[PDB]
Amino acid sequence: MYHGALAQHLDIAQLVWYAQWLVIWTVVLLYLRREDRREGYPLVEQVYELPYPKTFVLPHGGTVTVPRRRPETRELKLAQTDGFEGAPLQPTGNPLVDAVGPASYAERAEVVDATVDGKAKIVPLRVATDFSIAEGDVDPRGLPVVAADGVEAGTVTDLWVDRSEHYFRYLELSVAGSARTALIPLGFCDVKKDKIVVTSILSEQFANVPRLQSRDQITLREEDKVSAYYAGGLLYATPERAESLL
Amino acid sequence: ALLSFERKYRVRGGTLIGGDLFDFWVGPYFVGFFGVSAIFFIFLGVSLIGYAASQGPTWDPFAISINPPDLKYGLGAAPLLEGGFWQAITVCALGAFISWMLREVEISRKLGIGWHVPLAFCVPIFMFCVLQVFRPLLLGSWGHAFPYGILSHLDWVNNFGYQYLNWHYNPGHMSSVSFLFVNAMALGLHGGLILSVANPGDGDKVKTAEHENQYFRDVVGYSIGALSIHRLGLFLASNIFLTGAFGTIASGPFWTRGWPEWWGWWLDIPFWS
Amino acid sequence: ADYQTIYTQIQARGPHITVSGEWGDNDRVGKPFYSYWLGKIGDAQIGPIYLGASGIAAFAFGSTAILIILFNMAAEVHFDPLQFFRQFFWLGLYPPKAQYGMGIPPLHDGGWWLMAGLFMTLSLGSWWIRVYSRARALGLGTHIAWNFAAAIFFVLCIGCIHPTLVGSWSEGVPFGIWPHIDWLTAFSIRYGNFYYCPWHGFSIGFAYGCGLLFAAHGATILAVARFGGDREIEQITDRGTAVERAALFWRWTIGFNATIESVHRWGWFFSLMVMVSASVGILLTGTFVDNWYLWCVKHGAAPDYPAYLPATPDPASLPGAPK
Amino acid sequence: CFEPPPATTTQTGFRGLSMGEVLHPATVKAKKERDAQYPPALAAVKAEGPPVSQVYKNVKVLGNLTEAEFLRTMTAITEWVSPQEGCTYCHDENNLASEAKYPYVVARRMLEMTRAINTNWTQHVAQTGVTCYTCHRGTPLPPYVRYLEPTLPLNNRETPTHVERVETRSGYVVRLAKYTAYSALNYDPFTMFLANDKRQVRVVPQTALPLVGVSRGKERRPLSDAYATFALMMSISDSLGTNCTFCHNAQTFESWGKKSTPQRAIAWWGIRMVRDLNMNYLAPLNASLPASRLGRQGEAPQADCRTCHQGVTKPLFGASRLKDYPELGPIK
Ligand code: BCB
Ligand code: BCB
Ligand code: BCB
Ligand SMILES: C/C=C1/c2cc3[nH]c4c(c3C)C(=O)[C@H](C(=O)OC)c4c3nc(cc4[nH]c(cc(n2)[C@@H]1C)c(C(C)=O)c4C)[C@@H](C)[C@@H]3CCC(=O)OC/C=C(\C)CCC[C@H](C)CCC[C@@H](C)CCCC(C)C
Ligand SMILES: C/C=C1/c2cc3[nH]c4c(c3C)C(=O)[C@H](C(=O)OC)c4c3nc(cc4[nH]c(cc(n2)[C@@H]1C)c(C(C)=O)c4C)[C@@H](C)[C@@H]3CCC(=O)OC/C=C(\C)CCC[C@H](C)CCC[C@@H](C)CCCC(C)C
Ligand SMILES: CC(C)=CCC/C(C)=C\CC/C(C)=C/CC/C(C)=C/CC/C(C)=C/CC/C(C)=C/CC/C(C)=C/CC/C(C)=C/CC/C(C)=C/CC1=C(C)C(=O)c2ccccc2C1=O
Ligand code: HEC
Ligand code: HEC
Ligand code: HEC
Ligand code: HEC
Ligand SMILES: CC(C)=CCC/C(C)=C/C=C/C(C)=C/C=C/C(C)=C/C=C\C=C(C)\C=C\C=C(/C)CC/C=C(/C)CCCC(C)C
Ligand SMILES: COC1=C(OC)C(=O)C(C/C=C(\C)CCC=C(C)C)=C(C)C1=O
Ligand SMILES: CCCCCCCCCCCC[N+](C)(C)[O-]
Ligand SMILES: [Fe+2]
């Protein structure tokens, strides 16, 4: 009997066991977790385990370095109700229009997403005249759009197709009682044979859908603004949606 | 202690129960009612494990094993030392898992995103119930359930398989394994494809959706598409257990012979026998 | 409910896109055709396909292997076609039953098996060149090819390298539905229970991990399809609310998060490590470990259980016991 | 393609190891009805008179019995083996000492064999023992026997299909499969392990690390041995109507002590018993039997586990006649 002895005769499998654990913890902690921190770090309100910024060469000229320095612009649209770091923040206005919480868009670039050959990717069928709806599916052009409150909010005028993936991403509708169209992502649309059902927002809220700068094309930030508005509605279309369900 | 883009998303709302009372964060963690719920069941479960371990031979975490009762006790309650601990811990585990799932719903609602993750997370909870609850009920004893030990649970899977002579011939298992393999392959392919487009090498330019579709059309003559590969992945992963469940439940309650012999329905058809 | 996460309500049709590669554009064969029913749950377009030399080489070598297998299987039922269809799952092409060491076995006892294996290997190698070269032709990274290489290395380990290292072709995997499955038990038994091989453990951890990760990742992207989460490339180069919401969902749930890029690295690593861990386990088996259960006992890692029925001594060890 | 619940379950290992039997009650019931046909013992008789060794002329085995006892043995033997043909299956009526009918010399060897089971193989048959009936079940040909190649049906009272017949080469894989519980394992465990004592059933090394001198090239046993042992274990399992966990903790198939049940030690003695029966009593009867009873290699029918057990862990659910017929053994 000896102080410092272990009941372990070393063999090659035992060696490879320790090596394997070493490789796993090295790849996870020192590589994968380092890659995980390229967005949203450094933290606000530590630095020594962040990687050096990564540069991408974009398809259509230019470079982007991540993380982007573009600042967050919704800071004054929420107020610290409480001293505790963990407390939710209070909107200062109409959070649906101010674009906070689930109505938040990202500071995405004011560029038109492009096809491999440099054309605008997401365009209405009035521009993409070589695109059609498949034989057997609902052509929604002419059909009414019913909002959450049962009121008809407008009429479908067009579909916006992704020319890169051959996939419809938005409906354009004439908004009843205005001169304007609005976009709605297909993901917020129940397509029936005689109507489009939208449970996301009330009929009156189609008035304040973010507006496109241009009529026949959309920027990446605009896509985010439009998409976020309807998601805002899930929590804020009525006062009782933000409240607990049960 | 916030991500650079996080502050604008930290609003009140989306809770299912309690309103404002539990609507807050501790560091990065959302709480909610189901947060408090989860931490209760976790604290209770880990305590019962510690209490069981203290009565057993060893403190080595890889030798610890809290086992269900002998078959004798049927669906009744058992002494703590003799399987009661096992029963208590199973209830806490269910409590913790269901809490965790409903907490994910509250987080989904606050962010205004689909509930797809907590829905997907119901599949492994179901499978845990099939092994620990539904199958033992149909056989009339808690003693058929698997024990809570890191190595002891492997000895249970092993003996369970060999109770049906060759478990590989189980048709539910054949399906389950097929989904495990194709799922692991598809994740490799999907992960590899995204990395290949964003990191082509050598200061060359990031490629496109069109490049992604072209690559697979060239290699196999079809590309499923960007949205669809995510739906397929959830489908393949989920079916590991949705098909597996029928092979597990069938073993004992609906079939008592070896699994190879089951294929008799095919082999023993009179017209080629 | 986002019904788009279940199926495509309205399908688009448009002109067939072709992205040009540095070579091979002229080796694309077939007219694309659209399927309305496929188009519900994916892209409607089938074809065209790229041929090239590696494609044709792979099909030629593969077909040779299948023909050798099918003919030996037909031989096993003495070319009765009805029995062939009946007994198919039970039919196989076997490695040598006798010990010829690394000696080339005779045709009747392993030679055909060895030939079928050679052609399968040349098929896999050809397909690898296809997967690698198509990536280079389109200006893409070779991440898929290196994942595929680990899968091929694992097949080489069970088919060729392990048999070589212990010096017997008898250890190879049979060709056949039930016969390849029967090998799993014969091998586990010979080497003292694969549950007690730590590399079996790692491989299963990563495989289960692939299930968890693709369910989580698949579900996360459908959950943010409303915000174009599926457009993963431009979300990498220009972070949108899709992947901000995706990151925060996970940060608020488990206390940490990936990026839309890094989660694909997690996926790729987990997939790769299924095959790497399995390979290391096979390389160690028979070479440096004969019985995994007794190896765990030797290192104090194997659990013990009380008796239920009495402990049973080995009869072979009793005084006056026969052989 | 399914069996309705409930299922009967037993426990053969520590709680949580999922060790024990899984039985369909209808199947256990049908086997119980089959085995309940075991004729009752005949009324005991007083040992009145002298030994038949000096009354009758050709008694070489049962010479110690008195006339009344001996005639009782003969009436039992007749019920157990040839109830339809009667005493004349083995005997010329004109001379009860005549060895002129082939079943007579075989019956004598069978008395010797039955007494040797009940005396020399108590480690297997214990105090249950066997009679003629255990194997024969009321017919001269026992329903479950083995030739040196697999045959179907397993029960030779059932009529073969064209493809089951040993002559139809196309049915070989199915003849093998139905002997190994429908596995695809490409080995005949009867011929390899039960016909004689040439092969070792054990394949798993008893060291953690590979021993130098048995672990490379032609010094290694081929993997085919592991497959063959697996096939024997599939066969033994189906023959007893049980599963691996009746005898083993699958944690370590190769380990005894707490890792094996007493039934495994009894199974070990069973393998030695079957080899003794086959090598020393059954195989050599090819010289004494008509050509119509022999296989294609001129072999006599031989015994496996199923010959006695017929899908039950104890033959005839432990039914004994040992105290009713002490002349069948044991013999001190
Ligand atoms: C001798 C024994 C055999 C066997 C016996 C076996 C049995 C008895 C069963 C399977 C089953 C299965 N087998 Mg199988 N098997 C498999 C593969 C599989 C799986 C795909 C499948 C399902 C596993 C499961 O239920 O997980 C379950 C995992 C669960 C339930 C995880 C729940 C997670 C929980 C919700 C959350 C827990 C959280 C933590 C506590 C939190 C920790 C906190 C930390 C992280 C902070 C392969 C690939 C092979 C190979 C290569 O041979 C194989 C061989 C065998 N199997 C042997 C032949 N197998 C199952 C099946 O479906 O069969 C049809 C099954 O019942
Ligand atoms: C039907 C078949 C089953 C099965 C068959 C099986 C096999 C064959 C093998 C495992 C293995 C493992 N199993 Mg097991 N298993 C486990 C957990 C485990 C781990 C200890 C390990 C690796 C799993 C992994 O990486 O997954 C993917 C998940 C990942 C990567 C996320 C990280 C998970 C983390 C490592 C889990 C840690 C759990 C904790 C140690 C236990 C709880 C802690 C509490 C007290 C706070 C849980 C928590 C459950 C539950 C709750 O159902 C479960 C059910 C089953 N397993 C079924 C009974 N399992 C492997 C092993 O090495 O065991 C020694 C192994 O070879
Ligand atoms: C009793 C028998 C057991 C057993 C015996 C076993 C063995 C012998 C081996 C494994 C291995 C493994 N086991 Mg395991 N096992 C597993 C899971 C696993 C896998 C994760 C792992 C890796 C194998 C793999 O991915 O192959 C699927 C992927 C493959 C085969 C790659 C194929 C790629 C190739 C390029 C495809 C080519 C296709 C071509 C088109 C084909 C053309 C062919 C034509 C030309 C003829 C689970 C989840 C369980 C459970 C739940 O109990 C289990 C129980 C058992 N295993 C029992 C203990 N297992 C392996 C391992 O890890 O060992 C350490 C392994 O070698
Ligand atoms: C087909 C679908 C697949 C799938 C899918 C998904 N998987 C998900 C999600 C989705 C979608 C999530 O959204 C959720 C998550 O957050 O992701 C990070 C999650 C999670 N999947 C985990 C483990 C996991 N997934 C497995 C399998 C699959 N996942 C299959 C493959 C497996 C195995 C064995 O394969 C494991 C081990 C956790 C990490 C996490 C829950 C944490 C929890 O619930 O915390 C709450 C509970 C605790 C923190 C501890 C509770 C301790 C109890 C009270 C006491 C001990 C209990 C006892 C049972 C211990 C026995 C141990 C013994 C056997 C050794
Ligand atoms: C964890 C890592 C996982 C993993 C990873 C990866 N796996 C990959 C890749 C990666 C990265 C590729 O890049 C490559 C590929 O291209 O993906 C589309 C590939 C592959 N993985 C296949 C099968 C597979 N992976 C398995 C397992 C895992 N994979 C593990 C789990 C299993 C199991 C589980 O048994 C199976 C059966 C084939 C589809 C393919 C090879 C084709 C070949 O080598 O052909 C060579 C042979 C021929 C061309 C024969 C000719 C065809 C005849 C008529 C018979 C038809 C057979 C047909 C199936 C062939 C397809 C041709 C068709 C597409 C026109
Ligand atoms: C102040 C402070 C810091 C205190 C801390 C003290 C503490 C510990 C507790 C606080 C006490 C209280 C009161 C608690 C209340 C809150 C609460 C309920 C806490 C819970 C604590 C707890 C139980 C922690 C454990 C959490 C847990 C289950 C972790 C397991 C982690 C594991 C093993 C994960 C497996 C999956 C895996 C390998 C993931 C790695 C890669 C990742 C991160 C994938 C997730 C992910 C996916 C899937 C995407 O698709 C994606 C797409 C686009 C962007 C991002 C992502 C993304 O992040
Ligand atoms: C084959 C299964 C037998 C049947 C059926 C019957 N008998 Fe038999 N008998 C048999 C043998 C092998 C022997 C020799 C036993 C020995 O110890 O060596 C005998 C012997 C007799 C005798 C003694 C005759 C003599 O040697 O003089 C008698 C009287 C006799 N057997 C009678 C008998 C009757 C009445 C039977 C029907 C009830 C009967 N035997 C059946 C083998 C077989
Ligand atoms: C199993 C371990 C057996 C026991 C116990 C007894 N017998 Fe048997 N017997 C057995 C076999 C495998 C065979 C060969 C097949 C055959 O039918 O020949 C036999 C054979 C006989 C025969 C010859 C039958 C014939 O071919 O017509 C006879 C007459 C016979 N056995 C009699 C007999 C008696 C009297 C037994 C108890 C004392 C007895 N057998 C036991 C298998 C087994
Ligand atoms: C009792 C009725 C048994 C059942 C059911 C099964 N096995 Fe068995 N097994 C048994 C014995 C007595 C022996 C030793 C035989 C000898 O002559 O020494 C074995 C042996 C094995 C082995 C080999 C172990 C070794 O030391 O190398 C294995 C791998 C094995 N048995 C596995 C096995 C399986 C998978 C079974 C169900 C299909 C099974 N056995 C049933 C006794 C009994
Ligand atoms: C007739 C000559 C037999 C043959 C051939 C085999 N066995 Fe047997 N076995 C026989 C008897 C009479 C008994 C005793 C029943 C009793 O009440 O003791 C047994 C017992 C067993 C057991 C024990 C079952 C238990 O305890 O429940 C086992 C596990 C067993 N036998 C297995 C076995 C095997 C594997 C055989 C072929 C190698 C085999 N037996 C042959 C009678 C006969
Ligand atoms: C050193 C010298 C001299 C030579 C070296 C030779 C060499 C390197 C040999 C290597 C051999 C190898 C690696 C063998 C590996 C064999 C393996 C892993 C076999 C595994 C599985 C076999 C299976 C599943 C067989 C299935 C067979 C069939 C389905 C019959 C074929 C029929 C079909 C319809 C095609 C099946 C396609 C399938 C995907 C479903
Ligand atoms: C954005 O990501 C992805 C696509 O979009 C362009 C794909 O088209 C495919 C290819 C999918 C195919 C060919 C389906 C066939 C089945 C399997 C298991 C691959 C993968 C892997 C992918 O990741
Ligand atoms: C990727 C995570 C996987 C972790 C699972 C643990 C794997 C190591 C297994 C070591 C212990 C198992 N055993 C039986 C060999 O001792
Ligand atoms: Fe993705």
# chains A, B, ... in the order shown; residues from 1 in each chain; ligands from 1
$ residues_around --residues "residue 233 in chain B" --least-positions-apart "3" --cutoff "10 Å" --atoms "only C-alpha atoms" --output "PyMOL selection string"
(chain B and resi 182-184+186-187+190+228-230+236-239) or (chain C and resi 210-211+213-219)
$ interface_residues --of "chain D" --to "chain B" --cutoff "7 Å" --atoms "only C-alpha atoms" --output "JSON, numbers by chain"
{"D": [1, 2, 3, 4, 5, 6, 7, 11, 15, 16, 17, 18, 19, 22, 23, 24, 161, 163, 181, 182, 183, 234, 243, 244, 245, 249, 250, 251]}
$ closest_residue --among "A:231, A:173, A:197, A:218" --to "chain C" --atoms "only C-alpha atoms"
A:231
$ interface_residues --of "chain A" --to "chain B" --cutoff "8 Å" --atoms "only C-alpha atoms" --output "NGL selection string"
:A and (40-45 or 56-59 or 72 or 74-75 or 78 or 85-91 or 100-102 or 104 or 115-116 or 164-165 or 231-232 or 234-235 or 241-246)
$ write_last_selection --atoms "N, CA and C atoms" --output "short mmCIF file (atom, residue, chain, number, x, y, z; two decimals), in the first residue's frame"
data_model
loop_
_atom_site.label_atom_id
_atom_site.label_comp_id
_atom_site.auth_asym_id
_atom_site.auth_seq_id
_atom_site.Cartn_x
_atom_site.Cartn_y
_atom_site.Cartn_z
N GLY A 40 -23.95 40.79 -31.41
CA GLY A 40 -24.53 41.27 -30.14
C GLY A 40 -23.51 41.47 -29.03
N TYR A 41 -22.24 41.14 -29.29
CA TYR A 41 -21.11 41.33 -28.35
C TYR A 41 -20.17 42.38 -28.93
N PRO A 42 -19.51 43.21 -28.09
CA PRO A 42 -19.62 43.13 -26.63
C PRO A 42 -21.01 43.48 -26.07
N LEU A 43 -21.30 42.97 -24.87
CA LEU A 43 -22.57 43.22 -24.13
C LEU A 43 -22.57 44.67 -23.64
N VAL A 44 -23.76 45.22 -23.37
CA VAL A 44 -24.00 46.65 -22.98
C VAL A 44 -24.75 46.71 -21.64
N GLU A 45 -24.73 47.87 -20.96
CA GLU A 45 -25.54 48.24 -19.76
C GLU A 45 -25.00 47.53 -18.51
N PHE A 56 -16.85 39.86 -44.62
CA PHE A 56 -17.45 39.14 -45.76
C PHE A 56 -17.34 39.99 -47.02
N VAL A 57 -16.98 39.36 -48.13
CA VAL A 57 -17.02 39.99 -49.48
C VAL A 57 -18.39 39.65 -50.08
N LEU A 58 -19.24 40.66 -50.26
CA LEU A 58 -20.63 40.49 -50.76
C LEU A 58 -20.63 40.10 -52.24
N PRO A 59 -21.72 39.46 -52.71
CA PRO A 59 -21.83 39.01 -54.10
C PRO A 59 -21.74 40.13 -55.16
N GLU A 72 -28.43 51.13 -32.42
CA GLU A 72 -29.86 50.79 -32.17
C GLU A 72 -30.64 52.09 -31.90
N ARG A 74 -34.07 52.79 -31.18
CA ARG A 74 -35.37 52.66 -30.47
C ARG A 74 -35.19 52.89 -28.96
N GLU A 75 -34.05 53.46 -28.54
CA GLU A 75 -33.62 53.52 -27.12
C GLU A 75 -34.58 54.41 -26.33
N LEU A 78 -38.52 53.30 -25.18
CA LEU A 78 -38.78 52.47 -23.97
C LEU A 78 -38.17 53.15 -22.75
N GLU A 85 -32.41 45.60 -12.98
CA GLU A 85 -31.92 45.32 -14.36
C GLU A 85 -32.89 44.36 -15.09
N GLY A 86 -33.53 43.47 -14.34
CA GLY A 86 -34.36 42.37 -14.87
C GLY A 86 -35.77 42.80 -15.24
N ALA A 87 -36.18 44.03 -14.91
CA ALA A 87 -37.59 44.48 -15.05
C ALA A 87 -37.86 44.74 -16.52
N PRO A 88 -39.07 44.45 -17.03
CA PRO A 88 -39.40 44.76 -18.42
C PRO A 88 -39.41 46.29 -18.55
N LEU A 89 -39.25 46.79 -19.77
CA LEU A 89 -39.27 48.24 -20.09
C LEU A 89 -40.68 48.60 -20.56
N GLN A 90 -41.10 49.84 -20.30
CA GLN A 90 -42.42 50.40 -20.67
C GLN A 90 -42.28 51.16 -21.98
N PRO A 91 -43.17 50.94 -22.97
CA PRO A 91 -43.25 51.84 -24.12
C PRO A 91 -43.60 53.27 -23.69
N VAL A 100 -41.22 48.64 -31.23
CA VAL A 100 -40.50 48.08 -30.04
C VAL A 100 -41.17 46.76 -29.66
N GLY A 101 -40.52 46.01 -28.77
CA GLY A 101 -40.95 44.64 -28.43
C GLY A 101 -41.13 43.82 -29.71
N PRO A 102 -42.22 43.04 -29.83
CA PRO A 102 -42.42 42.22 -31.02
C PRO A 102 -42.70 43.00 -32.30
N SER A 104 -40.48 45.38 -33.18
CA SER A 104 -39.08 45.79 -33.49
C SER A 104 -38.63 45.25 -34.86
N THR A 115 -30.94 39.21 -57.02
CA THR A 115 -30.75 37.88 -57.64
C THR A 115 -29.26 37.67 -57.91
N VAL A 116 -28.88 36.45 -58.30
CA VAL A 116 -27.46 36.12 -58.62
C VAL A 116 -26.97 37.06 -59.74
N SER A 164 -35.30 34.53 -56.91
CA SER A 164 -34.15 33.63 -56.62
C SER A 164 -34.65 32.23 -56.23
N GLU A 165 -35.75 32.11 -55.48
CA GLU A 165 -36.22 30.82 -54.90
C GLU A 165 -37.57 30.38 -55.50
N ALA A 231 -46.36 41.26 -36.51
CA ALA A 231 -45.91 40.51 -35.30
C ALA A 231 -46.18 41.36 -34.06
N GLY A 232 -45.99 42.67 -34.17
CA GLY A 232 -46.41 43.64 -33.14
C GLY A 232 -47.87 43.42 -32.76
N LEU A 234 -49.74 40.75 -32.71
CA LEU A 234 -49.93 39.52 -31.89
C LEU A 234 -50.01 39.90 -30.40
N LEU A 235 -49.26 40.92 -29.97
CA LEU A 235 -49.22 41.36 -28.55
C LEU A 235 -49.97 42.69 -28.32
N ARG A 241 -54.52 41.29 -25.49
CA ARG A 241 -53.53 40.37 -26.12
C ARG A 241 -52.19 40.41 -25.38
N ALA A 242 -51.79 41.57 -24.84
CA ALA A 242 -50.54 41.75 -24.06
C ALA A 242 -50.71 41.14 -22.66
N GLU A 243 -51.95 41.03 -22.18
CA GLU A 243 -52.33 40.44 -20.86
C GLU A 243 -52.16 38.92 -20.92
N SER A 244 -52.06 38.27 -19.76
CA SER A 244 -51.94 36.79 -19.65
C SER A 244 -53.24 36.16 -20.17
N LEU A 245 -53.13 35.00 -20.84
CA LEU A 245 -54.23 34.31 -21.58
C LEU A 245 -55.20 33.68 -20.56
N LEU A 246 -54.69 32.83 -19.66
CA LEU A 246 -55.49 32.09 -18.63
C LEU A 246 -55.51 32.90 -17.32
#
$ interface_residues --of "chain C" --to "chain D" --cutoff "6 Å" --atoms "only C-alpha atoms" --output "ChimeraX atom specification"
/C:77-78,90,97,99,101,166-168,170-171,178,186,190,289-291,294-295,307-308,311-314
$ residues_around --residues "range 245-250 of chain C" --least-positions-apart "2" --cutoff "7 Å" --atoms "only C-alpha atoms" --output "PDB file with C-alpha atoms, in the first residue's frame"
ATOM      1  CA  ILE B 107     -40.864  33.428 -24.513  1.00  0.00           C
ATOM      2  CA  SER B 108     -42.225  32.674 -28.042  1.00  0.00           C
ATOM      3  CA  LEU B 111     -40.987  37.776 -29.203  1.00  0.00           C
TER       4      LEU B 111
ATOM      5  CA  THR C 220     -36.498  27.948 -34.723  1.00  0.00           C
ATOM      6  CA  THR C 241     -35.079  40.656 -36.649  1.00  0.00           C
ATOM      7  CA  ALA C 242     -35.549  36.943 -37.691  1.00  0.00           C
ATOM      8  CA  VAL C 243     -32.156  35.888 -36.177  1.00  0.00           C
ATOM      9  CA  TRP C 252     -33.784  33.702 -22.580  1.00  0.00           C
ATOM     10  CA  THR C 253     -34.474  29.901 -22.451  1.00  0.00           C
ATOM     11  CA  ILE C 254     -30.963  28.357 -21.778  1.00  0.00           C
ATOM     12  CA  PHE C 256     -26.607  31.574 -24.049  1.00  0.00           C
ATOM     13  CA  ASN C 257     -27.063  31.542 -27.856  1.00  0.00           C
ATOM     14  CA  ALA C 258     -25.389  30.997 -31.257  1.00  0.00           C
ATOM     15  CA  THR C 259     -25.511  33.228 -34.386  1.00  0.00           C
TER      16      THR C 259
END
$ interface_residues --of "chain C" --to "chain A" --cutoff "7 Å" --atoms "only C-alpha atoms" --output "mmCIF file with C-alpha atoms, in the first residue's frame"
data_model
loop_
_atom_site.group_PDB
_atom_site.id
_atom_site.type_symbol
_atom_site.label_atom_id
_atom_site.label_comp_id
_atom_site.auth_asym_id
_atom_site.auth_seq_id
_atom_site.Cartn_x
_atom_site.Cartn_y
_atom_site.Cartn_z
ATOM 1 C CA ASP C 2 -48.247 30.478 -40.019
ATOM 2 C CA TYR C 3 -49.781 27.990 -42.561
ATOM 3 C CA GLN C 4 -46.635 28.617 -44.753
ATOM 4 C CA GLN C 9 -50.588 27.857 -50.073
ATOM 5 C CA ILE C 10 -49.812 29.543 -53.501
ATOM 6 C CA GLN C 11 -46.915 28.109 -55.641
ATOM 7 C CA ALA C 12 -44.924 30.353 -58.044
ATOM 8 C CA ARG C 13 -43.778 29.204 -61.540
ATOM 9 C CA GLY C 14 -41.060 31.055 -63.517
ATOM 10 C CA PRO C 15 -38.129 30.479 -65.930
ATOM 11 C CA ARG C 226 -42.651 35.437 -41.022
ATOM 12 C CA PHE C 227 -39.414 37.571 -40.883
ATOM 13 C CA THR C 237 -24.140 39.225 -43.846
ATOM 14 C CA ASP C 238 -26.922 41.585 -42.563
ATOM 15 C CA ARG C 239 -28.549 40.519 -39.203
ATOM 16 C CA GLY C 240 -32.401 40.892 -39.402
ATOM 17 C CA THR C 241 -35.079 40.656 -36.649
ATOM 18 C CA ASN C 257 -27.063 31.542 -27.856
ATOM 19 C CA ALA C 258 -25.389 30.997 -31.257
ATOM 20 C CA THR C 259 -25.511 33.228 -34.386
ATOM 21 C CA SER C 262 -22.434 29.467 -35.800
ATOM 22 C CA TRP C 266 -22.590 23.260 -34.252
ATOM 23 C CA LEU C 284 -9.349 0.505 -30.861
ATOM 24 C CA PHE C 288 -5.956 -2.618 -28.141
ATOM 25 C CA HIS C 299 -10.769 1.113 -14.838
#
$ interface_residues --of "chain C" --to "chain B" --cutoff "6 Å" --atoms "only C-alpha atoms" --output "ChimeraX atom specification"
/C:42-43,46-50,140-141,143-144,210-211,214-215,218-219,223-224,230,252,255,264,267-268,271,303
$ residues_around --residues "residue 166 in chain D" --least-positions-apart "4" --cutoff "10 Å" --atoms "only C-alpha atoms" --output "compact mmCIF listing (two decimals) with N, CA and C atoms, in the first residue's frame"
# COMPACT_ATOMS: atom_id res chain seq x y z
N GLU D 149 -28.64 -32.26 -41.09
CA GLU D 149 -29.01 -31.02 -41.81
C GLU D 149 -30.38 -30.57 -41.30
N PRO D 150 -30.68 -29.25 -41.34
CA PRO D 150 -31.96 -28.73 -40.86
C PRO D 150 -33.12 -29.29 -41.69
N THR D 151 -34.23 -29.62 -41.01
CA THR D 151 -35.46 -30.15 -41.64
C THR D 151 -36.65 -29.34 -41.16
N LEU D 152 -37.68 -29.21 -42.00
CA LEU D 152 -39.00 -28.64 -41.64
C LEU D 152 -40.08 -29.63 -42.05
N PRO D 160 -44.75 -31.85 -44.74
CA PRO D 160 -43.92 -30.82 -45.37
C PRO D 160 -44.57 -30.29 -46.67
N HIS D 162 -43.60 -28.64 -50.54
CA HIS D 162 -42.55 -28.90 -51.55
C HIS D 162 -41.26 -28.21 -51.09
N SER D 170 -33.82 -24.71 -52.68
CA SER D 170 -34.27 -23.29 -52.59
C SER D 170 -34.82 -22.94 -51.20
N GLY D 171 -35.23 -23.94 -50.41
CA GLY D 171 -35.81 -23.76 -49.06
C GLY D 171 -34.78 -23.83 -47.94
N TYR D 172 -33.49 -23.99 -48.24
CA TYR D 172 -32.43 -24.20 -47.22
C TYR D 172 -32.41 -23.04 -46.21
N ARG D 175 -35.21 -23.28 -43.72
CA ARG D 175 -35.00 -24.45 -42.81
C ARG D 175 -34.05 -24.02 -41.68
N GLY D 295 -31.37 -40.29 -42.15
CA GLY D 295 -31.21 -39.09 -42.99
C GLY D 295 -30.35 -39.37 -44.21
N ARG D 296 -30.13 -38.35 -45.04
CA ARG D 296 -29.44 -38.46 -46.36
C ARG D 296 -27.96 -38.81 -46.20
